[PDB]
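Undergrad:
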Amino acid sequence: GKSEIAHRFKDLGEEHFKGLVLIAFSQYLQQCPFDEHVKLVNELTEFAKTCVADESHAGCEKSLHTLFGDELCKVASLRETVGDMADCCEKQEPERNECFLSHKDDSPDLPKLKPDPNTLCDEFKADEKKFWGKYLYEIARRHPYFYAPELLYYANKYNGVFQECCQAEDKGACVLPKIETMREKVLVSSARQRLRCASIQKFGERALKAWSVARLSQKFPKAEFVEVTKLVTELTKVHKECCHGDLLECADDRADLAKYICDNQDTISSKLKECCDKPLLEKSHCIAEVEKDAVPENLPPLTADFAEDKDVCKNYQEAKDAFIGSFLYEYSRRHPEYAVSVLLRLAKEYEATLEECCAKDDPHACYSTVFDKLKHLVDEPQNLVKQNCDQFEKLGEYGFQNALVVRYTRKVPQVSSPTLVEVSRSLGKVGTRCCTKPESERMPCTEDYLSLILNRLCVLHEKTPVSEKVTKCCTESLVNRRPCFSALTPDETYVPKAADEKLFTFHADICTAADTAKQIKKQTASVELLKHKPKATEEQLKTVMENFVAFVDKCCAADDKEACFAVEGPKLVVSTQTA
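Quick look at the structure:
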């Protein structure tokens, strides 16, 4: 309408508006205290209500970015506190939002929130709205690129948990297992949305548009290309809006897309009956995780249109992106077992083949073989998953994680020891997730989770570029990232770190930590060992690692740090003896 704040408030409703505004403020101004934020959401919400009352209340006409910008800037200590974002207050309307958005911290040094069952449950009975707000503020401040509409679903789910478990005598019993499941789901959606955001910022809307085509074409295999093009344009709008920090418009357009899908359900998928009889936020979430419908029976062979047809060249030249769009759609619909990443890589490779062949004379010769050429791209991933998965069966999660740490520290030896231990740990957890699965679904889960883990590596490394090899793999292409990292060979030009007792000296306290924490400490030492000696043999690293479990077991077993000092040093002295 005339006033966008009015339009958005009538469409979203006070409750969702207030939450979405808090999620926005919390995501941009990530360090400020919760109560300061609530004071601001309140004022903007009052302004919103004032607009819907009279659509001329001096200022109602401004853009949503002028309004949010203005309020954000009036936060004194934007310079003191969150810091150089205060520089950005100076600028005018387009530049203002862009600089603020650039000042999003993906690894904010904010506390890890330990849940306290009873305290939390009392905080709920006090005021439920505040409790819902604190959940939002907390997850948004720690994951600055979260899908605003989904954070709202997750918060409704958190309120539901406390509804059930607070009335229960044993609070932690109920709360702790349920909250931990939800935290895992929340962390995966953050990573997934950070991948969509990184795709739009670095690789273009073409890349988000093409991942959408694949995702949507796999899941909705009956949809004709017309409808998938419709959905992809509307879904890409939503992702582009959430990634740019236009959270109010993200939610309105996501809601509108779900209304659409549910209304046009006969054409889109037979599995959407259950999802579309639910309430607003749960409908949109249920639609995103829906069962891939059945591949329509008697679909042509893919060779027909994209290889054997004689006029392939004409068609591609006529309308490049529609043709390469149709390849992704037709291929993704026929192969629901491939991962989206592999499908996108197969389409990139078809684009390449077509360019080469389409310039050269006798293009039909060139292009008929395109499918045999593309078999390679499907096979390499399948061989990786078999090989790695075989290794996880032999070693267990911690054994697998440890051997992953040795592989990737040999490869990209310059990445911070804390980030090497985080990616290695997350990659070994892809053994638990993905390697006990039906063969059909193994490739989707592995390649999809690997992409999220590798995008985290890439995001964390962009902050402090240290390894040239990582920068090359993360900047080249989004789809070719996992293939690029698996192709990286042990670096024969890394000048070792240096013998340093400080990193390898294990003090007691290991014998008392949380087990997850004990694992990380011990894995952190593996990375430092590999950096002092890049040129070790596995046989030697076996000798060293068996000896270290001796020191931890022997020491912890016994009576003190005393031993954890007398004998540490000897192990250092034996490790050094060889490795």
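So the sequence shown is numbered by this note's numbering: it starts at 284 and just counts up by one. By construction, the Cβ of each residue, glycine as well, lies at the ideal position given by its N, Cα and C atoms.
#1: Please classify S360: is it buried, with 16 or more other beta-carbons within 10 angstroms of its beta-carbon, or exposed?
#2: Using beta-carbon positions only, say whether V810 and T702 come within less than 7 Å of one another.
#3: Tell me, to the nearest whole angstrom, how far the beta carbon of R616 is from that of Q501; I am working on the premise that it is less than 8 Å.
#4: Would you mind sorting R489 into buried or exposed? The rule is 16 or more other CB atoms within 10 Å of its CB.
#5: Quick one: residues in its chain with C-beta nearer than 7 Å to the C-beta of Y441, no 5 flanking neighbours on either side, listed in chain order?
#6: In this structure, how does DSSP classify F683 when only helix, strand and coil are distinguished?
#7: I want to see whether chain B comes within less than 7 Å of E488, judged by CB atoms only; does it?
#8: For my contact list, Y311 and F429 are in at a C-beta cut-off of 8 Å; report their separation, rounded to the angstrom.
#9: Considering Cα atoms alone, identify which of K374, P619, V358 and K854 is closest to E574.
#10: Please list, in chain order, all residues of the same chain as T758 whose beta carbon is under 8 Å from its beta carbon, the five residues on each side excluded.
#11: Could you tell me the distance, in whole angstroms, from the CA atom of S309 to the CA atom of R424?
#12: Between which residues of its own chain and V521 is the CB-CB distance below 7 Å, once the five residues before and five after are set aside?
#13: Taking contact to mean 3 or more Cβ pairs, one atom from each stretch, closer than 8 Å, check whether the region 707-715 and the region 639-658 are in contact.
#14: Here's the rule I'm using: 16 or more other beta-carbon atoms within 10 Å means buried, otherwise exposed. How should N401 be labelled?
#15: So, helix, strand or coil for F407, using DSSP?
#16: Nearest to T729 by alpha carbon, out of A796, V623, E745 and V695?
#17: Could you give the distance in angstroms between the alpha-carbon of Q684 and the alpha-carbon of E705?
#18: Apart from the five residues on each side of it in sequence, which residues of its chain come closer than 6 Å, Cβ to Cβ, to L303?
#19: State yes or no: is the C-beta of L323 within less than 7 Å of the C-beta of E298?
#20: What would DSSP say about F351, mapped onto helix, strand or coil?
#21: Can you tell me whether DSSP reads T747 as helix, strand or coil?
#22: Would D410 be called buried (16 or more neighbouring beta carbons within 10 Å of its own) or exposed?
#23: How far does the alpha helix (DSSP H) with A438 in it extend, from its first residue to its last?
#24: Restricting to Cα atoms, I'd like to know which of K395, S750, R716 and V471 is closest to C672.
#25: Could you give the first and the last residue of the continuous alpha helix (DSSP H) run that contains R708?
#26: Would the beta-carbon of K694 fall within 7 Å of that of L812?
#27: Give a yes or no on whether the C-beta atoms belonging to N738 and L491 are separated by under 7 Å.
#28: Closest by CA to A493, which one among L629, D655, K669 and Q446?
#29: Which residues in the same chain as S552 place their Cβ atom closer than 6 Å to its Cβ, once the five residues preceding and following it in sequence are excluded?
#30: If we count the other Cβ atoms within 10 Å of its Cβ and call it buried at 16 or more, is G416 buried or exposed?
#31: Helix, strand or coil for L585 per DSSP?
#32: How many Å lie between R764 and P398 at the Cα?
#33: Specify the secondary structure class of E376 as computed by DSSP and reduced to three states.
#34: Does the Cβ-Cβ distance between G352 and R379 come in under 7 Å?
#35: Can you tell me whether DSSP reads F330 as helix, strand or coil?
TA: Straight from the coordinates:
#1: exposed
#2: no
#3: 7 Å
#4: exposed
#5: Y418 and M465
#6: helix
#7: Going by chain labels, chain B is absent from the structure shown, which holds only one protein chain.
#8: Contact flag wrong, Cβ pair sits at about 12 Å.
#9: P619
#10: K485
#11: Roughly 6 Å separates the two Cα atoms.
#12: Non-local C-beta neighbours of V521 in its own chain, meaning closer than 7 Å and more than five positions away in sequence, comprise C533, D536, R537 and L540, ordered along the chain.
#13: no
#14: exposed
#15: helix
#16: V623
#17: 10 Å
#18: Closer than 6 Å at Cβ, skipping near neighbours: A431, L530, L531 and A534.
#19: no
#20: helix
#21: If DSSP states are grouped into helix, strand and coil, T747 belongs with coil.
#22: exposed
#23: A438 -> alpha helix (DSSP H) spans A431 to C449.
#24: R716
#25: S700 to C717
#26: no
#27: no
#28: In terms of Cα proximity to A493, the closest of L629, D655, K669 and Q446 is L629.
#29: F503 and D576
#30: buried
#31: coil
#32: 36 Å
#33: In this structure, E376 counts as helix in the three-state DSSP scheme.
#34: yes
#35: helix
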